[PDB]
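Just so you know, structure 1 and structure 2 below are the same protein chain in two forms, each on its own as C-alpha cells.
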Structure 1
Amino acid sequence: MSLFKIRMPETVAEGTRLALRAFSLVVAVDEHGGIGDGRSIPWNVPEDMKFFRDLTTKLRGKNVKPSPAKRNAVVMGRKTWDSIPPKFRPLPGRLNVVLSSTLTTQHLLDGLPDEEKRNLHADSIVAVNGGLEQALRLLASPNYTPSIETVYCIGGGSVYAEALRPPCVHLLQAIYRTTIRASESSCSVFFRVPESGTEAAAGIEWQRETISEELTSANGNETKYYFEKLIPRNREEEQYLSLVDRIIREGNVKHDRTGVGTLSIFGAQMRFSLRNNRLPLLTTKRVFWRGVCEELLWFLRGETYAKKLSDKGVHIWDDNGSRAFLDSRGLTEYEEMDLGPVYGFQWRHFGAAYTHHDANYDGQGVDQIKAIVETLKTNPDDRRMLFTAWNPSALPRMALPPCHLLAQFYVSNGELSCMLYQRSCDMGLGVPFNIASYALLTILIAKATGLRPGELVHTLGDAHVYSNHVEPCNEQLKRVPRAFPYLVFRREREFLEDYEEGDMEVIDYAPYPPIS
C-alpha cells in the first residue's frame, strides 16, 4: 500500500539494537567471601562442581541437549581459562568466551594439546579483547542472540567485579553462589553482593529465591556448604501480584447471567519500564507471546478476520468468532470469524463503513495510527496523540466492544511512553497478555518514529479474578518474580505492517513452571 502504510524510518534498527546481553553468575566462596587462592581454589567440592557443570550446560526444557545452534555460553577471565587443565579445555557443551588482552581466539586454540582437537573445538572457543561488558556486547550480536540461550559469568576476580557494578549489573538476571565452610583458605578476593539501599547496589535489591539446607560433601573432609540463587527483586511484576492478592482478599463478588463468578475492584494503574530492550512478560506464569505478537501485528494492520490468527494456530478469537456467537450478536451477515470493525479496524479506519473483512478499506475512515506516527516525528509534545477503538456508532456492528479501547503516547528525552485504558481486565490470563501487547506496540511505534521505548502505564477499570481462578492464582502468588526478559529484532521492514512474529525474538525468559 506504501502510502496507506507507515514507512519505517532509517533509524528503524538504531533505537532497539541490543547493546548488552543479559546473564547469570555462578561462583563459590568461603564463609568469609574469599573466592580464590590467587590462581587456584584450594577447595574443590564434588557437589558444587557437578552443580556448576549442570547449571551452565543444561537448557530450559529438559530433553534438549546442547548443540551449535542452541547452547549456553560462559565468560571467563584469562587467568581462569588458564586454570583449566588443557585436557578438559574447553568446557564441553558450551560456548567458551575468554576475556584477554594478550590472547587471540587463535592463540587459545594453539594451547589445546593437538590440532584435531583444535579443529573440533573451533566453533566453541572465542577470545574478546575487553572485559565483561565488551563480551556481553559481542554476545548480543545476531550471531549469538538468540543462539546462546543463557550467558553465565563463570568467574575471575576481575570479571565478578565488572559484573556486580553498573553497567553490567543491570543485566545480571541471577546470582548462583555456593558457600563452602572451608577449614582454612582465607584467600585474597572477596565476592560481595551489594546490599539493598546502598550506592553500590545501584537501586537493585538482591533477594534470595532459594537457599539450600546446609549440606555435607562426600569429599575427604565432610566439608559443609549450601547454595543460594539470588535475583534482582522485581517491583514491577509485584505491582501485578499485589493487585491480584487485593482483589482476592477484598474484591467484590459477582455472578453474571451465565452464573460466571468474579471478584473485582475498580480503578488501578501499573508502570512497566521498556528501556534497553526490556519486555515485561510476567515470570510467575508463562505468557503466550506468539499469540500476543501475532494479534498485535494483526491489529496495526487493520484486520478483522480472526481466521488469520486461528490459521497461524492462535485461537484466542474462535469463541467470539464462531457462527453461534456471531448469531447471538445479530451479526448473521458476517462470515464465521469475521468480527466486524473491531480493534484494529477502528485503529486504522475510524468511522469507516464496514461490510465484510475482505473488502478494500484503504483510505477509509480516520487512520489514527498513521497520524500518531507523524505527530511524534514533528511535534513530540503534542498532547492529543491517542487512539481509540471505542466507537459507539460501530459498536453494535462489532463481535464485542474492545477491552483495551484507548491508548496515549508521551514523549520526553527521546523516549516513547504509552498509557493504556482497559475497561475490563481479567487478571489471570488477560492482563499479562495485554501488558505484552501494548509493550510491543510502544516498541514497534517507537522504532517507526525515531524514538527509544520508554514506559508502559496501564489503567485498569473493572479488573477481576475468576472464581475458577482463585486457587491457582493463589498458588502463583507464592512465587517471587524473577527478572524480566528482553526482545530483539533479527530483521527490520520497510513498513510497520510488514513485521512478522518471526522477525523478533524473546531472549532470557525464565518463567516459573505450570502451576500444579
Structure 2
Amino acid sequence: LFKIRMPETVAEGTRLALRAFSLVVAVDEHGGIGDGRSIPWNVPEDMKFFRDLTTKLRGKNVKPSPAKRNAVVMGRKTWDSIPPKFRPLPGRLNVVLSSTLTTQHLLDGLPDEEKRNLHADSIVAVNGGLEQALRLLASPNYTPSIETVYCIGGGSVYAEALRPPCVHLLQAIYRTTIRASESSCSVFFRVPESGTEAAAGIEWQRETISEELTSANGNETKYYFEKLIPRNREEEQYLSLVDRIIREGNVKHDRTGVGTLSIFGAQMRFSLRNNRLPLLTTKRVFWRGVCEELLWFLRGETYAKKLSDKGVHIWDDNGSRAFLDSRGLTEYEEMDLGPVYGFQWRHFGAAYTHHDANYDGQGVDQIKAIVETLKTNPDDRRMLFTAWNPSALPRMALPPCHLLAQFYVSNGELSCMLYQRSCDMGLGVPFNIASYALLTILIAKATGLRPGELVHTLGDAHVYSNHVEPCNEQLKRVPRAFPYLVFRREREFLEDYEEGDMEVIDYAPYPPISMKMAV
C-alpha cells in the first residue's frame, strides 16, 4: 500500500540485448590475417599472449571454472584449424559459429571420450553470426558467469565485429603485428578510421603499443602489440574538470586546516542506454556501496547501521555518539542520522523522533508521486524530488550534498538531472554518478520506460589538496569503455530490490593509484 509496485514490463526495459566483448587478432605488416585461417608465421610469444589474455580472469586469485570463466567466439573454419587433439581451447567456453555443425558434432570430432565428456561443458555451437553469439552470451546462463568474451578469429567474424550493431559492444581490440613478409593473407584487418561513416561514431584509439620485439623462435621475427579502445568522451568530461580544478581552481582552507582547490558550476552528461553503466574506469568505484546506499535511500531509511552491517561504512563518522551530540542530537541512538536523504524523499516534512518509528504514509512521498506521474503524464515539468528541507536540516546529522533530482521523458526514454551543492571530485562524484544512474534505471523499470541520460550539475566542485598528486596520476589514464548493468531477477515492489538482484558486467577499471604509502 505504501510500497511502489513494479509493472509487468519491469524486466523488458533493461534486458541485455547483446553481451559486450573484446577482439583478439594477429596480423602482418600489411594488415593480412591469413587465408582459410593460416598460422605458419607462428610466433610463440603471441600464442602465449593470446593464451594468457583469453584464459585468465581479473580476480588475481580465481581459476577458470564453469561458474566463472572467459569465452572465445570463433568461426567454424577457425575451430577446424585447431588440431583435433588440442580442441577445445582449455579453460574457456568455446563458442563456434556454424550453420551445419552442432554441439554434438563438434564434440565427436574429438579423439578420446574421456574428454568427450570432460569438455561436454566447454563447447557450444551457434547457428548464426557473431551477433547471435553475443545475443546468446547475453542470456542468464552465460551472463555474468562469463567474465569476458573474446572474438578470436575468422575474417568474416572480425568483419561483423567491426560493423554495427556488434561494434557498439566492442570494448577493446588486441592486435599483434608480425613483421614477417608473406602474402598468404587474402583478407585484411581494418579498424574503422575516426570520423568515417564506417566508424559509426566510434573513435578508436591506442591505449598501448609495445616497442618492436624479437621472437625466440629462430627466425628473429619482428613483432609488436597494440591495444585499441573506443574513446570514452563521457569519462573525459570528468577528467577534464578535475584537471581544470587542479590547474585553475581557487585554493581554500577549512576552519580545521583542510585545503581544497575549487571551481563553481559545472555540468556533465552520461548515457544509460542499452544497459550502459557510467562507472568510471580510471579509478575503481565502490559499486556495492553505491547500490546498497541507493536502495537504502529508496526505502527511506535513516539508520546507518543497516549499511554498516553490510560492510558499507560511508556513514560511520557522521553516525557516532560524538558527532551526533556535537549537533545537539542527543536523543538519537548511534547511527541514527535523523530525517536525512531517503527520508525526505519518501516522507518530506514528516516529524522525526527515532529511526524506529513507523513512517508509512507520513509526509510527502515524492518518489511515489513521480512514479505515478511518469506513467500517466510523462511530459509533466514538475517531476522532481528534493532532500533540501530548511525546516529539517537542524535535525539531520548532516545536510544533503546531492539534494535535488528532476526527471524528463522523450521517445520512451527516462532522463534525470541531479543537482549537487558540494562535490568531492576525487571520491564522491564518481560514487554519485553511479547512484543516480542506478536510480534512473530503477525508476525507468518502475514506469515502463527505457533508461536515457543522467545529467549531473555541480555547485562547489573541489579536489582536496592532499589528493592533487594521486589525482594527477589518474589524469594520465585514458578512460576505457564503460561496463553494463543487468538484473539477475526482478521484484514485485521497488523497495524489495537487493544488491544481489543486479550485476555489473565487463567492468575493467585501471589498477589502484600507487600512492607510495612508504618503503
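The term rigid core refers to the most C-alpha atoms you can superpose between the two forms while keeping them within 1.5 Å. For residue numbers, the reference is structure 1: its sequence is counted from 1.
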After a rigid core superposition between structures 1 and 2, the exception among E455, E47, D462, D37, its Cα shifting by 2 Å or more, is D37
Superposed on the core, the Cα displacement of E494 between structures 1 and 2 in Å comes to 0.2
Core-superposed CA shift of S185 between structures 1 and 2, in Å, is 2.8
